[PDB]
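Peer 1: This is the structure I want to talk about, given as structure tokens.
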Amino acid sequence: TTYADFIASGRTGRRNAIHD
Amino acid sequence: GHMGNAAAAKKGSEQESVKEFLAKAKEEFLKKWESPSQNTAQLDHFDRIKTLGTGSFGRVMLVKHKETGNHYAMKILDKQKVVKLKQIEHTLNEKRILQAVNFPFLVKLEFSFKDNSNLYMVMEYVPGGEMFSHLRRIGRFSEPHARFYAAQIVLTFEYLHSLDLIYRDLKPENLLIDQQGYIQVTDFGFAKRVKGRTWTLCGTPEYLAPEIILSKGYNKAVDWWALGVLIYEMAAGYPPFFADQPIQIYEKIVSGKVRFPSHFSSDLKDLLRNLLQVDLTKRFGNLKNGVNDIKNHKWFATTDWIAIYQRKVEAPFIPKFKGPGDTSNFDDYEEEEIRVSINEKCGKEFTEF
Ligand SMILES: Cc1cncc2cccc(S(=O)(=O)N3CCCNCC3)c12
């Protein structure tokens, strides 16, 4: 499912801006 | 047509009143922008309580003002670190914007000062936590709940854009919830006051508009794209474009394809297709009718824009609050001393702070 794909992305936590 | 005479007259009058409000708001902003406040407190005026957030910028601490007893959020930046990270202009710009704006959903800077080692911005304490935390915990927000927050962002961008400020830093991590359940926008380092185009690659991958990714000159329409990302993420629980690595995210963003959960209403999907529009000549918020294409969209038909502005709408969610100084809606962080060198660091660079 799309939700499972989101979990699999590894990007479920707080996201950094490009400069960080 | 879609509106009868009474509704059309009421909408017309409302839109004219927005113009009148914004003209006054710009006059007020420009006075403060040209004569900024400074050195309005000092460190020993506050007791430091707890660290509420950290980042490359430094930290934010809950503090208590000794004389008044009021709690505040104090952002502490190490001047030498700001220099090393090439953030001088952004840091000065954030403080200058914060002291000049005034809007119910923009955090208020109450004091600022500096010492030998650090810069300090003391802002109202917003106790409800980051939207991010609540969204990940609840999973997703209902469409009415997402709409309540979205309306506040629409009004806030309408205000900022009237001042020629592009915001560029929208995401749930950067939106706080106050004690009444309304949104506070806090971060302004990457905002820029320009009337036309700008070119910097900045922001967070999931929220970048295609024209930023493609290294084009871009304008305030990037904020309306980002609103589409935010509304989608609030209502779905995950953003419209994600992947393991930023490069793959960028490929999806520029593709012109977006897919929706089956529970999204048709009105929501229509709004999102018009905000997440790769073609700038077609993106809502970037057309002749401006913000009105968004405010008058069917998905917002139940939104009373003035009542949101006046904060008279009952919020769908009230964060836990046990009293002033409650920090339970923020994370825990290791507490580090705040050191003040006996020698001034980076005085020239931060003269204007
Ligand atoms: C805790 C806090 C609580 N009341 C007011 C604040 C004002 C500014 C910043 C924060 S923050 O959440 O650390 N934060 C830092 C940068 C990350 N984006 C969100 C803003 C506040």
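Just so we're on the same page: first chain in the structure tokens is A, next is B, and so on; residues restart at 1 for each chain, and ligands are numbered from 1 in the order they show up.
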If we count only C-alpha atoms, what is near residue 15 in chain A at a cut-off of 12 Å, once residues fewer than 5 positions away on the same chain are taken out, given as a PDB file with N, CA and C atoms, in the first residue's frame?
Peer 2:
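Final output, around-v4.pdb:
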```pdb
ATOM      1  N   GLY A  10      11.850   5.411   4.816  1.00  0.00           N
ATOM      2  CA  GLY A  10      12.750   5.908   5.838  1.00  0.00           C
ATOM      3  C   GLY A  10      12.624   7.387   6.125  1.00  0.00           C
ATOM      4  N   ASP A  20      20.877  21.531   5.716  1.00  0.00           N
ATOM      5  CA  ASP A  20      21.249  20.757   6.905  1.00  0.00           C
ATOM      6  C   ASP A  20      21.693  19.346   6.546  1.00  0.00           C
TER       7      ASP A  20
ATOM      8  N   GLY B  55      18.801  22.133  16.786  1.00  0.00           N
ATOM      9  CA  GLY B  55      19.083  22.032  15.367  1.00  0.00           C
ATOM     10  C   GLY B  55      20.450  22.613  15.101  1.00  0.00           C
ATOM     11  N   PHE B 132       3.694  18.361  13.393  1.00  0.00           N
ATOM     12  CA  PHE B 132       4.295  17.094  13.005  1.00  0.00           C
ATOM     13  C   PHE B 132       4.010  15.976  14.009  1.00  0.00           C
ATOM     14  N   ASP B 169       9.413  27.838   3.745  1.00  0.00           N
ATOM     15  CA  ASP B 169       9.816  26.888   4.783  1.00  0.00           C
ATOM     16  C   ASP B 169       8.620  26.141   5.373  1.00  0.00           C
ATOM     17  N   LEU B 170       7.529  25.980   4.609  1.00  0.00           N
ATOM     18  CA  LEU B 170       6.333  25.311   5.112  1.00  0.00           C
ATOM     19  C   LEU B 170       6.536  23.815   5.216  1.00  0.00           C
ATOM     20  N   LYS B 171       6.135  23.252   6.355  1.00  0.00           N
ATOM     21  CA  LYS B 171       6.060  21.813   6.598  1.00  0.00           C
ATOM     22  C   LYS B 171       5.514  21.621   8.009  1.00  0.00           C
ATOM     23  N   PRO B 172       4.978  20.439   8.346  1.00  0.00           N
ATOM     24  CA  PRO B 172       4.409  20.251   9.697  1.00  0.00           C
ATOM     25  C   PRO B 172       5.420  20.433  10.828  1.00  0.00           C
ATOM     26  N   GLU B 173       6.698  20.168  10.573  1.00  0.00           N
ATOM     27  CA  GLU B 173       7.763  20.386  11.547  1.00  0.00           C
ATOM     28  C   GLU B 173       7.915  21.850  11.927  1.00  0.00           C
ATOM     29  N   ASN B 174       7.426  22.770  11.087  1.00  0.00           N
ATOM     30  CA  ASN B 174       7.611  24.198  11.285  1.00  0.00           C
ATOM     31  C   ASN B 174       6.315  24.903  11.653  1.00  0.00           C
ATOM     32  N   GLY B 203      14.880  24.788   1.085  1.00  0.00           N
ATOM     33  CA  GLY B 203      13.659  24.161   1.518  1.00  0.00           C
ATOM     34  C   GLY B 203      13.889  22.706   1.839  1.00  0.00           C
ATOM     35  N   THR B 204      12.795  21.961   1.914  1.00  0.00           N
ATOM     36  CA  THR B 204      12.826  20.575   2.314  1.00  0.00           C
ATOM     37  C   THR B 204      12.320  19.741   1.145  1.00  0.00           C
ATOM     38  N   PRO B 205      12.987  18.627   0.807  1.00  0.00           N
ATOM     39  CA  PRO B 205      12.700  17.973  -0.482  1.00  0.00           C
ATOM     40  C   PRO B 205      11.216  17.751  -0.770  1.00  0.00           C
ATOM     41  N   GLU B 206      10.471  17.168   0.176  1.00  0.00           N
ATOM     42  CA  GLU B 206       9.077  16.825  -0.067  1.00  0.00           C
ATOM     43  C   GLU B 206       8.220  18.041  -0.397  1.00  0.00           C
ATOM     44  N   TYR B 207       8.637  19.226   0.035  1.00  0.00           N
ATOM     45  CA  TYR B 207       7.835  20.432  -0.093  1.00  0.00           C
ATOM     46  C   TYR B 207       8.330  21.357  -1.204  1.00  0.00           C
ATOM     47  N   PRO B 239       3.090  12.560   2.629  1.00  0.00           N
ATOM     48  CA  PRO B 239       3.098  13.582   1.592  1.00  0.00           C
ATOM     49  C   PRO B 239       2.877  12.990   0.209  1.00  0.00           C
ATOM     50  N   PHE B 242       7.240  11.048  -2.161  1.00  0.00           N
ATOM     51  CA  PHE B 242       8.245  10.540  -1.238  1.00  0.00           C
ATOM     52  C   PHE B 242       8.966   9.381  -1.910  1.00  0.00           C
ATOM     53  N   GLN B 245      15.365   8.543  -1.358  1.00  0.00           N
ATOM     54  CA  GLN B 245      16.387   9.565  -1.491  1.00  0.00           C
ATOM     55  C   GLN B 245      15.816  10.797  -2.170  1.00  0.00           C
ATOM     56  N   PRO B 246      16.300  11.986  -1.800  1.00  0.00           N
ATOM     57  CA  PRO B 246      15.775  13.214  -2.422  1.00  0.00           C
ATOM     58  C   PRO B 246      15.726  13.202  -3.944  1.00  0.00           C
TER      59      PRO B 246
END
```
Peer 1: Please identify every residue of chain B that has at least one atom no farther than 8 Å from an atom of ligand 1, counting only C-alpha atoms and all ligand atoms, and for each give the shortest atom pair and the distance in Å to one decimal, arranged by chain then increasing number, as CSV.
Peer 2:
```
residue,atom,partner,partner_atom_place_in_ligand_line,distance
B:52,CA,ligand 1,1 (C),4.9
B:53,CA,ligand 1,13 (O),4.0
B:54,CA,ligand 1,13 (O),6.5
B:55,CA,ligand 1,16 (C),7.0
B:59,CA,ligand 1,13 (O),6.9
B:60,CA,ligand 1,13 (O),4.9
B:61,CA,ligand 1,1 (C),7.1
B:62,CA,ligand 1,3 (C),7.4
B:72,CA,ligand 1,4 (N),7.0
B:73,CA,ligand 1,5 (C),4.8
B:74,CA,ligand 1,7 (C),7.3
B:75,CA,ligand 1,8 (C),6.6
B:107,CA,ligand 1,7 (C),6.8
B:122,CA,ligand 1,7 (C),7.9
B:123,CA,ligand 1,7 (C),5.6
B:124,CA,ligand 1,5 (C),5.7
B:125,CA,ligand 1,4 (N),3.8
B:126,CA,ligand 1,4 (N),3.7
B:127,CA,ligand 1,3 (C),6.0
B:129,CA,ligand 1,1 (C),6.9
B:130,CA,ligand 1,12 (O),6.4
B:173,CA,ligand 1,18 (N),5.5
B:174,CA,ligand 1,18 (N),3.9
B:175,CA,ligand 1,19 (C),6.1
B:176,CA,ligand 1,12 (O),6.6
B:185,CA,ligand 1,19 (C),7.8
B:186,CA,ligand 1,8 (C),5.1
B:187,CA,ligand 1,20 (C),6.1
B:330,CA,ligand 1,1 (C),6.9
```
Peer 1: How close does each residue of chain A get to chain B, giving the shortest atom pair and distance in Å to one decimal for every residue with an atom at most 6 Å away, counting only C-alpha atoms, sorted by chain and residue number, as CSV?
Peer 2:
```
residue,atom,partner,partner_atom,distance
A:9,CA,B:244,CA,4.4
A:17,CA,B:204,CA,4.2
A:18,CA,B:204,CA,5.8
```
Peer 1: List the spatial neighbours of residue 43 in chain B as a VMD selection string - criterion: any atom at most 10 Å away, only C-alpha atoms, same-chain residues fewer than 4 positions off excluded.
Peer 2: chain B and resid 47 to 48 65 74 112 to 115 120
Peer 1: Quick one: distance from CA of residue 100 in chain B to CA of residue 33 in chain B in Å, one decimal?
Peer 2: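 CA of residue 100 in chain B sits 5.2 Å away from CA of residue 33 in chain B.
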